[PDB]
>>> print(open('structure12.txt').read())   # compact mmCIF, N, CA, C and O atoms
# COMPACT_ATOMS: atom_id res chain seq x y z
N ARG A 309 0.82 -1.21 0.00
CA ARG A 309 0.00 0.00 0.00
C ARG A 309 0.85 1.25 0.00
O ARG A 309 0.41 2.32 0.44
N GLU A 310 2.09 1.13 -0.48
CA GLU A 310 2.94 2.29 -0.57
C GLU A 310 2.27 3.31 -1.50
O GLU A 310 1.62 2.92 -2.49
N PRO A 311 2.41 4.60 -1.20
CA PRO A 311 2.05 5.63 -2.18
C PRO A 311 2.95 5.54 -3.41
O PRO A 311 4.07 5.05 -3.36
N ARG A 312 2.44 6.04 -4.54
CA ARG A 312 3.14 6.04 -5.81
C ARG A 312 3.16 7.46 -6.39
O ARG A 312 2.24 8.24 -6.16
N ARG A 313 4.19 7.77 -7.18
CA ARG A 313 4.24 9.01 -7.94
C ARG A 313 3.75 8.76 -9.35
O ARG A 313 4.29 7.89 -10.05
N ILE A 314 2.80 9.56 -9.79
CA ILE A 314 2.24 9.46 -11.13
C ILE A 314 2.39 10.81 -11.80
O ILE A 314 2.00 11.83 -11.24
N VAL A 315 2.91 10.82 -13.01
CA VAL A 315 3.06 12.06 -13.77
C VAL A 315 2.16 11.96 -14.99
O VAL A 315 2.36 11.08 -15.85
N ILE A 316 1.20 12.88 -15.11
CA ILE A 316 0.29 12.86 -16.24
C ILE A 316 0.31 14.23 -16.88
O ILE A 316 0.64 15.23 -16.24
N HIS A 317 -0.01 14.27 -18.17
CA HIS A 317 -0.07 15.50 -18.94
C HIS A 317 -1.52 15.80 -19.26
O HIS A 317 -2.30 14.90 -19.59
N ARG A 318 -1.88 17.08 -19.16
CA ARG A 318 -3.26 17.50 -19.34
C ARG A 318 -3.64 17.57 -20.81
O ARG A 318 -2.85 18.01 -21.66
N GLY A 319 -4.86 17.15 -21.05
CA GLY A 319 -5.44 17.12 -22.37
C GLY A 319 -6.58 18.10 -22.47
O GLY A 319 -6.99 18.64 -21.49
N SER A 320 -7.08 18.34 -23.67
CA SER A 320 -8.16 19.30 -23.89
C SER A 320 -9.24 19.11 -22.90
O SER A 320 -9.74 20.04 -22.30
N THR A 321 -9.60 17.87 -22.70
CA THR A 321 -10.64 17.61 -21.73
C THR A 321 -10.17 17.86 -20.28
O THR A 321 -10.95 18.25 -19.41
N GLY A 322 -8.91 17.62 -20.02
CA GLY A 322 -8.39 17.78 -18.69
C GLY A 322 -7.49 16.60 -18.35
O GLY A 322 -6.93 16.06 -19.21
N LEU A 323 -7.43 16.24 -17.09
CA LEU A 323 -6.63 15.13 -16.61
C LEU A 323 -7.33 13.80 -16.70
O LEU A 323 -6.72 12.80 -16.53
N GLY A 324 -8.63 13.78 -16.95
CA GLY A 324 -9.31 12.51 -17.12
C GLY A 324 -9.76 11.77 -15.88
O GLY A 324 -9.92 10.54 -15.92
N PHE A 325 -10.05 12.48 -14.79
CA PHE A 325 -10.59 11.81 -13.62
C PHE A 325 -11.36 12.82 -12.78
O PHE A 325 -11.23 14.03 -12.93
N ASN A 326 -12.16 12.28 -11.88
CA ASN A 326 -12.87 13.13 -10.94
C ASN A 326 -12.54 12.70 -9.53
O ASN A 326 -11.99 11.62 -9.30
N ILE A 327 -12.90 13.56 -8.58
CA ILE A 327 -12.56 13.31 -7.20
C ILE A 327 -13.79 13.53 -6.33
O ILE A 327 -14.71 14.29 -6.68
N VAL A 328 -13.74 12.90 -5.16
CA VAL A 328 -14.73 13.03 -4.08
C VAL A 328 -13.97 13.21 -2.77
O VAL A 328 -12.74 13.13 -2.72
N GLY A 329 -14.71 13.46 -1.69
CA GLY A 329 -14.10 13.58 -0.37
C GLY A 329 -13.70 15.01 -0.06
O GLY A 329 -14.19 15.97 -0.66
N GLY A 330 -12.79 15.15 0.91
CA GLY A 330 -12.34 16.45 1.36
C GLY A 330 -13.08 16.98 2.56
O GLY A 330 -13.04 18.18 2.83
N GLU A 331 -13.74 16.11 3.31
CA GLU A 331 -14.67 16.54 4.34
C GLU A 331 -14.82 15.41 5.34
O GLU A 331 -14.66 14.23 5.00
N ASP A 332 -15.10 15.79 6.59
CA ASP A 332 -15.42 14.84 7.64
C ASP A 332 -14.26 13.86 7.83
O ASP A 332 -14.45 12.69 8.17
N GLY A 333 -13.03 14.34 7.62
CA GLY A 333 -11.88 13.49 7.82
C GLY A 333 -11.55 12.63 6.61
O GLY A 333 -10.50 11.94 6.60
N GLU A 334 -12.39 12.70 5.58
CA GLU A 334 -12.22 11.93 4.35
C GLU A 334 -11.30 12.70 3.42
O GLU A 334 -11.51 13.89 3.17
N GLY A 335 -10.28 12.03 2.90
CA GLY A 335 -9.38 12.74 2.01
C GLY A 335 -9.98 12.89 0.63
O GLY A 335 -11.17 12.67 0.40
N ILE A 336 -9.12 13.25 -0.32
CA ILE A 336 -9.53 13.46 -1.70
C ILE A 336 -9.32 12.13 -2.39
O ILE A 336 -8.19 11.62 -2.41
N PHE A 337 -10.37 11.58 -2.98
CA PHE A 337 -10.30 10.27 -3.60
C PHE A 337 -10.70 10.34 -5.06
O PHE A 337 -11.60 11.08 -5.43
N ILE A 338 -10.01 9.56 -5.90
CA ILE A 338 -10.38 9.42 -7.30
C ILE A 338 -11.67 8.62 -7.38
O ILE A 338 -11.73 7.46 -6.95
N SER A 339 -12.71 9.25 -7.92
CA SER A 339 -14.00 8.61 -8.02
C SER A 339 -14.29 8.02 -9.37
O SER A 339 -15.12 7.10 -9.43
N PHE A 340 -13.65 8.53 -10.41
CA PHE A 340 -14.00 8.22 -11.79
C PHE A 340 -12.75 8.37 -12.63
O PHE A 340 -12.03 9.35 -12.47
N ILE A 341 -12.45 7.40 -13.50
CA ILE A 341 -11.37 7.53 -14.47
C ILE A 341 -11.98 7.52 -15.86
O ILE A 341 -12.65 6.55 -16.24
N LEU A 342 -11.78 8.61 -16.62
CA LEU A 342 -12.30 8.70 -17.97
C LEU A 342 -11.48 7.84 -18.93
O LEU A 342 -10.29 8.08 -19.13
N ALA A 343 -12.15 6.92 -19.61
CA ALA A 343 -11.47 6.04 -20.55
C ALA A 343 -10.70 6.84 -21.60
O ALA A 343 -11.23 7.76 -22.22
N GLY A 344 -9.44 6.45 -21.81
CA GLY A 344 -8.60 7.05 -22.81
C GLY A 344 -7.97 8.37 -22.42
O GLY A 344 -7.11 8.87 -23.15
N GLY A 345 -8.37 8.94 -21.28
CA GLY A 345 -7.78 10.17 -20.83
C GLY A 345 -6.47 9.94 -20.10
O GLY A 345 -6.03 8.80 -19.83
N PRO A 346 -5.83 11.06 -19.73
CA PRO A 346 -4.44 10.94 -19.22
C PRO A 346 -4.33 10.08 -17.97
O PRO A 346 -3.39 9.27 -17.86
N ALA A 347 -5.26 10.26 -17.01
CA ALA A 347 -5.23 9.45 -15.80
C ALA A 347 -5.35 7.98 -16.16
O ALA A 347 -4.55 7.15 -15.70
N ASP A 348 -6.23 7.66 -17.10
CA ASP A 348 -6.43 6.28 -17.52
C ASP A 348 -5.13 5.70 -18.03
O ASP A 348 -4.70 4.61 -17.61
N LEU A 349 -4.49 6.43 -18.94
CA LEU A 349 -3.33 5.92 -19.68
C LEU A 349 -2.05 6.01 -18.87
O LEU A 349 -1.00 5.54 -19.34
N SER A 350 -2.10 6.56 -17.64
CA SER A 350 -0.94 6.49 -16.76
C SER A 350 -0.66 5.07 -16.30
O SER A 350 0.47 4.74 -15.93
N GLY A 351 -1.70 4.24 -16.28
CA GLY A 351 -1.61 2.90 -15.74
C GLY A 351 -1.29 2.86 -14.27
O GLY A 351 -0.94 1.79 -13.75
N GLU A 352 -1.37 4.00 -13.59
CA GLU A 352 -1.02 4.08 -12.20
C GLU A 352 -2.12 4.67 -11.35
O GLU A 352 -1.95 4.73 -10.13
N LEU A 353 -3.21 5.15 -11.95
CA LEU A 353 -4.31 5.72 -11.16
C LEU A 353 -5.54 4.85 -11.28
O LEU A 353 -5.85 4.32 -12.35
N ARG A 354 -6.24 4.74 -10.16
CA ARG A 354 -7.39 3.87 -10.01
C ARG A 354 -8.44 4.63 -9.22
O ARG A 354 -8.11 5.48 -8.39
N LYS A 355 -9.69 4.30 -9.48
CA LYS A 355 -10.75 4.62 -8.54
C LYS A 355 -10.38 4.05 -7.17
O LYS A 355 -10.03 2.87 -7.05
N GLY A 356 -10.48 4.91 -6.13
CA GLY A 356 -10.11 4.56 -4.78
C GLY A 356 -8.69 4.95 -4.35
O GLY A 356 -8.37 4.75 -3.16
N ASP A 357 -7.88 5.51 -5.26
CA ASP A 357 -6.65 6.22 -4.87
C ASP A 357 -7.03 7.45 -4.06
O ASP A 357 -7.90 8.21 -4.47
N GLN A 358 -6.36 7.66 -2.93
CA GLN A 358 -6.41 8.94 -2.26
C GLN A 358 -5.30 9.79 -2.84
O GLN A 358 -4.16 9.33 -3.00
N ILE A 359 -5.64 11.00 -3.22
CA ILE A 359 -4.66 11.93 -3.73
C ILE A 359 -4.02 12.58 -2.51
O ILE A 359 -4.68 13.30 -1.75
N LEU A 360 -2.74 12.30 -2.29
CA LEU A 360 -2.01 12.85 -1.16
C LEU A 360 -1.38 14.19 -1.47
O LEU A 360 -1.25 15.03 -0.55
N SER A 361 -1.00 14.42 -2.73
CA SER A 361 -0.51 15.73 -3.15
C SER A 361 -0.55 15.87 -4.67
O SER A 361 -0.63 14.89 -5.41
N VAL A 362 -0.45 17.13 -5.11
CA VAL A 362 -0.47 17.49 -6.53
C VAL A 362 0.64 18.52 -6.72
O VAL A 362 0.53 19.64 -6.22
N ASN A 363 1.70 18.14 -7.44
CA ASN A 363 2.86 19.00 -7.57
C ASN A 363 3.39 19.42 -6.20
O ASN A 363 3.78 20.57 -6.00
N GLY A 364 3.36 18.49 -5.26
CA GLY A 364 3.91 18.69 -3.94
C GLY A 364 2.99 19.36 -2.93
O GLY A 364 3.32 19.38 -1.74
N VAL A 365 1.86 19.90 -3.37
CA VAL A 365 0.89 20.53 -2.48
C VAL A 365 0.11 19.45 -1.72
O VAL A 365 -0.58 18.63 -2.33
N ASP A 366 0.20 19.48 -0.39
CA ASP A 366 -0.44 18.49 0.46
C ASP A 366 -1.96 18.63 0.38
O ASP A 366 -2.50 19.71 0.62
N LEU A 367 -2.64 17.54 0.02
CA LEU A 367 -4.10 17.54 -0.03
C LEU A 367 -4.69 16.55 0.96
O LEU A 367 -5.91 16.29 0.92
N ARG A 368 -3.89 16.02 1.89
CA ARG A 368 -4.41 15.05 2.83
C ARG A 368 -5.63 15.60 3.57
O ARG A 368 -6.62 14.88 3.76
N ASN A 369 -5.56 16.87 4.00
CA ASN A 369 -6.63 17.51 4.78
C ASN A 369 -7.25 18.67 4.02
O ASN A 369 -7.75 19.64 4.62
N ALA A 370 -7.29 18.55 2.69
CA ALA A 370 -7.80 19.61 1.84
C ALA A 370 -9.29 19.45 1.52
O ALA A 370 -9.83 18.35 1.45
N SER A 371 -9.95 20.58 1.34
CA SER A 371 -11.35 20.52 0.96
C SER A 371 -11.44 20.12 -0.50
O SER A 371 -10.48 20.25 -1.26
N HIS A 372 -12.62 19.62 -0.89
CA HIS A 372 -12.86 19.30 -2.29
C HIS A 372 -12.55 20.48 -3.20
O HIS A 372 -11.94 20.32 -4.26
N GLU A 373 -12.96 21.69 -2.80
CA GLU A 373 -12.71 22.84 -3.65
C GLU A 373 -11.22 23.11 -3.76
O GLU A 373 -10.68 23.31 -4.86
N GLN A 374 -10.52 23.09 -2.62
CA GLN A 374 -9.07 23.20 -2.60
C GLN A 374 -8.41 22.21 -3.56
O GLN A 374 -7.52 22.58 -4.33
N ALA A 375 -8.85 20.94 -3.56
CA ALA A 375 -8.23 19.92 -4.42
C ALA A 375 -8.49 20.20 -5.90
O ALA A 375 -7.59 20.06 -6.74
N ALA A 376 -9.73 20.52 -6.23
CA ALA A 376 -10.03 20.91 -7.60
C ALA A 376 -9.13 22.05 -8.04
O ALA A 376 -8.60 22.03 -9.15
N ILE A 377 -8.96 23.05 -7.18
CA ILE A 377 -8.12 24.19 -7.52
C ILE A 377 -6.71 23.72 -7.80
O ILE A 377 -6.06 24.15 -8.76
N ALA A 378 -6.18 22.88 -6.91
CA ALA A 378 -4.82 22.41 -7.07
C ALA A 378 -4.66 21.68 -8.40
O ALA A 378 -3.70 21.94 -9.14
N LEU A 379 -5.62 20.83 -8.75
CA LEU A 379 -5.55 20.11 -10.03
C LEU A 379 -5.62 21.05 -11.22
O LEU A 379 -5.01 20.77 -12.26
N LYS A 380 -6.38 22.14 -11.12
CA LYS A 380 -6.43 23.08 -12.24
C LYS A 380 -5.17 23.94 -12.33
O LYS A 380 -4.71 24.23 -13.43
N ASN A 381 -4.64 24.38 -11.19
CA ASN A 381 -3.47 25.25 -11.21
C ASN A 381 -2.18 24.48 -11.41
O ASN A 381 -1.10 25.08 -11.42
N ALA A 382 -2.26 23.15 -11.52
CA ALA A 382 -1.05 22.34 -11.60
C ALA A 382 -0.37 22.43 -12.96
O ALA A 382 0.74 21.93 -13.09
N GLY A 383 -1.01 23.03 -13.95
CA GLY A 383 -0.37 23.20 -15.25
C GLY A 383 -0.53 21.98 -16.14
O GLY A 383 -1.43 21.14 -15.95
N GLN A 384 0.38 21.86 -17.11
CA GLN A 384 0.26 20.83 -18.14
C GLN A 384 0.91 19.52 -17.72
O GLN A 384 0.48 18.46 -18.19
N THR A 385 1.90 19.57 -16.83
CA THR A 385 2.52 18.37 -16.27
C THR A 385 2.14 18.28 -14.79
O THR A 385 2.63 19.05 -13.97
N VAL A 386 1.32 17.29 -14.45
CA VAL A 386 0.74 17.14 -13.12
C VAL A 386 1.37 15.91 -12.45
O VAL A 386 1.26 14.78 -12.97
N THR A 387 2.08 16.13 -11.32
CA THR A 387 2.69 15.05 -10.55
C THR A 387 1.80 14.77 -9.34
O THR A 387 1.64 15.62 -8.43
N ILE A 388 1.17 13.60 -9.35
CA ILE A 388 0.23 13.19 -8.31
C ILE A 388 0.93 12.13 -7.45
O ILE A 388 1.49 11.16 -7.98
N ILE A 389 0.95 12.36 -6.14
CA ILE A 389 1.25 11.29 -5.18
C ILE A 389 -0.12 10.73 -4.76
O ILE A 389 -0.94 11.43 -4.16
N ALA A 390 -0.33 9.47 -5.07
CA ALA A 390 -1.57 8.78 -4.79
C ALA A 390 -1.24 7.54 -3.98
O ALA A 390 -0.17 6.94 -4.14
N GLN A 391 -2.19 7.14 -3.15
CA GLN A 391 -2.06 5.90 -2.37
C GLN A 391 -3.36 5.14 -2.49
O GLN A 391 -4.43 5.70 -2.20
N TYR A 392 -3.30 3.88 -2.93
CA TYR A 392 -4.53 3.11 -3.12
C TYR A 392 -5.11 2.74 -1.75
O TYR A 392 -4.48 2.03 -0.96
N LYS A 393 -6.31 3.26 -1.45
CA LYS A 393 -6.89 3.15 -0.10
C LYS A 393 -8.33 2.67 -0.19
O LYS A 393 -9.25 3.30 0.35
N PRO A 394 -8.55 1.53 -0.84
CA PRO A 394 -9.93 1.12 -1.13
C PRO A 394 -10.79 0.96 0.11
O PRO A 394 -11.97 1.31 0.07
N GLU A 395 -10.23 0.46 1.21
CA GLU A 395 -11.01 0.34 2.44
C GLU A 395 -11.72 1.65 2.76
O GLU A 395 -12.91 1.65 3.12
N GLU A 396 -11.03 2.78 2.60
CA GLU A 396 -11.62 4.06 2.98
C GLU A 396 -12.56 4.57 1.90
O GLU A 396 -13.68 5.00 2.18
N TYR A 397 -12.13 4.51 0.65
CA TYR A 397 -12.95 5.02 -0.42
C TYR A 397 -14.34 4.46 -0.30
O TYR A 397 -14.48 3.29 0.04
>>> encode(input="structure12.txt", output="structure tokens")
Amino acid sequence: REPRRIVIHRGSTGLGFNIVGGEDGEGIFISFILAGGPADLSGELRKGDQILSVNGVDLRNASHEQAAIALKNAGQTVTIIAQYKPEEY
């Protein structure tokens, strides 16, 4: 259950995933992976990954809005530290 570093590049549509959580002690979790999008084709992101950071910005205790912002401001090369945490998701 080690965390992993994933580097994805943004596409017209975006990074290709959605997130949930950010509240009540729940972290930011990947809820949806868009087929064929960058998150999908990383081969390293899954539904149920907790996003621990984005370009080094800690999102462990971040609100959903904070996390969305971080993903948008991360630019064209997005480095995600994710940890697969299905029990919690």
>>> closest_residue(input="structure12.txt", among="A:380, A:317, A:309, A:393", to="residue 348 (chain A)", atoms="only C-alpha atoms")
A:317
>>> closest_residue(input="structure12.txt", among="A:389, A:366, A:356, A:325", to="residue 343 (chain A)", atoms="all atoms listed in the file")
A:325
>>> atom_distance(input="structure12.txt", atom1="CA of residue 315 (chain A)", atom2="CA of residue 332 (chain A)")
28.4 Å
>>> atom_distance(input="structure12.txt", atom1="atom O of residue 320 (chain A)", atom2="CA of residue 359 (chain A)")
20.9 Å
>>> axis_aligned_box(input="structure12.txt", around="region 339-358 of chain A", padding_each_side="6 Å", output="AutoDock Vina command-line options")
--center_x -7.3 --center_y 6.4 --center_z -12.7 --size_x 27.6 --size_y 21.3 --size_z 32.9
>>> residues_near_point(input="structure12.txt", point="(-12.1, 10.3, -13.9)", cutoff="5 Å", atoms="all atoms listed in the file", output="list in words")
residues 324, 325, 326, 340, 341 and 342 of chain A
>>> select_by_dssp(input="structure12.txt", residues="region 322-395 of chain A", states="alpha helix (DSSP H)", output="ChimeraX atom specification")
/A:346-349,372-381
>>> atom_distance(input="structure12.txt", atom1="atom C of residue 349 (chain A)", atom2="atom C of residue 329 (chain A)")
23.9 Å
>>> residues_around(input="structure12.txt", residues="residue 318 (chain A)", least_positions_apart="2", cutoff="4.5 Å", atoms="all atoms listed in the file", output="list in words")
residues 316, 322 and 384 of chain A
>>> write_last_selection(input="structure12.txt", atoms="N, CA, C and O atoms", output="PDB file, in the coordinates of the input")
ATOM      1  N   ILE A 316       1.200  12.880 -15.110  1.00  0.00           N
ATOM      2  CA  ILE A 316       0.290  12.860 -16.240  1.00  0.00           C
ATOM      3  C   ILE A 316       0.310  14.230 -16.880  1.00  0.00           C
ATOM      4  O   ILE A 316       0.640  15.230 -16.240  1.00  0.00           O
ATOM      5  N   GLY A 322      -8.910  17.620 -20.020  1.00  0.00           N
ATOM      6  CA  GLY A 322      -8.390  17.780 -18.690  1.00  0.00           C
ATOM      7  C   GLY A 322      -7.490  16.600 -18.350  1.00  0.00           C
ATOM      8  O   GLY A 322      -6.930  16.060 -19.210  1.00  0.00           O
ATOM      9  N   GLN A 384       0.380  21.860 -17.110  1.00  0.00           N
ATOM     10  CA  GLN A 384       0.260  20.830 -18.140  1.00  0.00           C
ATOM     11  C   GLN A 384       0.910  19.520 -17.720  1.00  0.00           C
ATOM     12  O   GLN A 384       0.480  18.460 -18.190  1.00  0.00           O
TER      13      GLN A 384
END
>>> residues_around(input="structure12.txt", residues="residue 314 (chain A)", least_positions_apart="5", cutoff="7 Å", atoms="only C-alpha atoms", output="list in words")
residues 352, 387, 388 and 389 of chain A
>>> decode(input="structure12.txt", residues="region 341-366 of chain A", atoms="N, CA and C atoms", output="mmCIF file, in the first residue's frame")
data_model
loop_
_atom_site.group_PDB
_atom_site.id
_atom_site.type_symbol
_atom_site.label_atom_id
_atom_site.label_comp_id
_atom_site.auth_asym_id
_atom_site.auth_seq_id
_atom_site.Cartn_x
_atom_site.Cartn_y
_atom_site.Cartn_z
ATOM 1 N N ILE A 341 -12.452 7.396 -13.495
ATOM 2 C CA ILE A 341 -11.366 7.534 -14.471
ATOM 3 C C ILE A 341 -11.985 7.525 -15.861
ATOM 4 N N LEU A 342 -11.782 8.609 -16.615
ATOM 5 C CA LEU A 342 -12.300 8.701 -17.975
ATOM 6 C C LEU A 342 -11.479 7.836 -18.932
ATOM 7 N N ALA A 343 -12.147 6.918 -19.615
ATOM 8 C CA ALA A 343 -11.468 6.042 -20.552
ATOM 9 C C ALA A 343 -10.699 6.835 -21.598
ATOM 10 N N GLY A 344 -9.440 6.448 -21.805
ATOM 11 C CA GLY A 344 -8.601 7.054 -22.814
ATOM 12 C C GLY A 344 -7.974 8.367 -22.415
ATOM 13 N N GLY A 345 -8.369 8.941 -21.283
ATOM 14 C CA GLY A 345 -7.777 10.170 -20.827
ATOM 15 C C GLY A 345 -6.469 9.944 -20.096
ATOM 16 N N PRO A 346 -5.827 11.057 -19.727
ATOM 17 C CA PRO A 346 -4.436 10.942 -19.222
ATOM 18 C C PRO A 346 -4.331 10.083 -17.973
ATOM 19 N N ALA A 347 -5.258 10.261 -17.010
ATOM 20 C CA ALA A 347 -5.233 9.453 -15.797
ATOM 21 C C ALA A 347 -5.348 7.983 -16.159
ATOM 22 N N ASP A 348 -6.235 7.663 -17.097
ATOM 23 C CA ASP A 348 -6.434 6.284 -17.519
ATOM 24 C C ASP A 348 -5.130 5.699 -18.029
ATOM 25 N N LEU A 349 -4.490 6.430 -18.936
ATOM 26 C CA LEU A 349 -3.332 5.925 -19.678
ATOM 27 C C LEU A 349 -2.047 6.008 -18.872
ATOM 28 N N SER A 350 -2.099 6.556 -17.644
ATOM 29 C CA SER A 350 -0.938 6.495 -16.758
ATOM 30 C C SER A 350 -0.664 5.073 -16.296
ATOM 31 N N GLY A 351 -1.695 4.244 -16.278
ATOM 32 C CA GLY A 351 -1.610 2.903 -15.743
ATOM 33 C C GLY A 351 -1.289 2.856 -14.273
ATOM 34 N N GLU A 352 -1.369 4.000 -13.594
ATOM 35 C CA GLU A 352 -1.017 4.077 -12.198
ATOM 36 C C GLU A 352 -2.119 4.670 -11.353
ATOM 37 N N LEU A 353 -3.215 5.145 -11.947
ATOM 38 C CA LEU A 353 -4.306 5.724 -11.165
ATOM 39 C C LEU A 353 -5.541 4.850 -11.281
ATOM 40 N N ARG A 354 -6.240 4.736 -10.156
ATOM 41 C CA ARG A 354 -7.390 3.873 -10.007
ATOM 42 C C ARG A 354 -8.437 4.635 -9.221
ATOM 43 N N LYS A 355 -9.693 4.302 -9.483
ATOM 44 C CA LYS A 355 -10.749 4.625 -8.538
ATOM 45 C C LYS A 355 -10.381 4.055 -7.172
ATOM 46 N N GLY A 356 -10.485 4.908 -6.131
ATOM 47 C CA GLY A 356 -10.105 4.558 -4.778
ATOM 48 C C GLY A 356 -8.693 4.947 -4.354
ATOM 49 N N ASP A 357 -7.877 5.512 -5.260
ATOM 50 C CA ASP A 357 -6.655 6.218 -4.865
ATOM 51 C C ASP A 357 -7.031 7.450 -4.058
ATOM 52 N N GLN A 358 -6.359 7.665 -2.934
ATOM 53 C CA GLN A 358 -6.406 8.940 -2.258
ATOM 54 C C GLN A 358 -5.298 9.789 -2.841
ATOM 55 N N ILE A 359 -5.642 10.999 -3.219
ATOM 56 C CA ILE A 359 -4.658 11.928 -3.729
ATOM 57 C C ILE A 359 -4.024 12.580 -2.509
ATOM 58 N N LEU A 360 -2.739 12.301 -2.292
ATOM 59 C CA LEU A 360 -2.012 12.845 -1.156
ATOM 60 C C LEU A 360 -1.381 14.191 -1.467
ATOM 61 N N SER A 361 -0.996 14.418 -2.730
ATOM 62 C CA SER A 361 -0.513 15.729 -3.148
ATOM 63 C C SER A 361 -0.550 15.870 -4.667
ATOM 64 N N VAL A 362 -0.450 17.125 -5.110
ATOM 65 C CA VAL A 362 -0.472 17.486 -6.527
ATOM 66 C C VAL A 362 0.636 18.516 -6.721
ATOM 67 N N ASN A 363 1.700 18.135 -7.436
ATOM 68 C CA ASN A 363 2.863 19.003 -7.572
ATOM 69 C C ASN A 363 3.388 19.423 -6.205
ATOM 70 N N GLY A 364 3.356 18.485 -5.255
ATOM 71 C CA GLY A 364 3.909 18.694 -3.936
ATOM 72 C C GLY A 364 2.990 19.359 -2.933
ATOM 73 N N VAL A 365 1.860 19.897 -3.373
ATOM 74 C CA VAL A 365 0.894 20.528 -2.476
ATOM 75 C C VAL A 365 0.113 19.453 -1.720
ATOM 76 N N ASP A 366 0.203 19.482 -0.387
ATOM 77 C CA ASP A 366 -0.445 18.490 0.465
ATOM 78 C C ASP A 366 -1.961 18.630 0.378
#
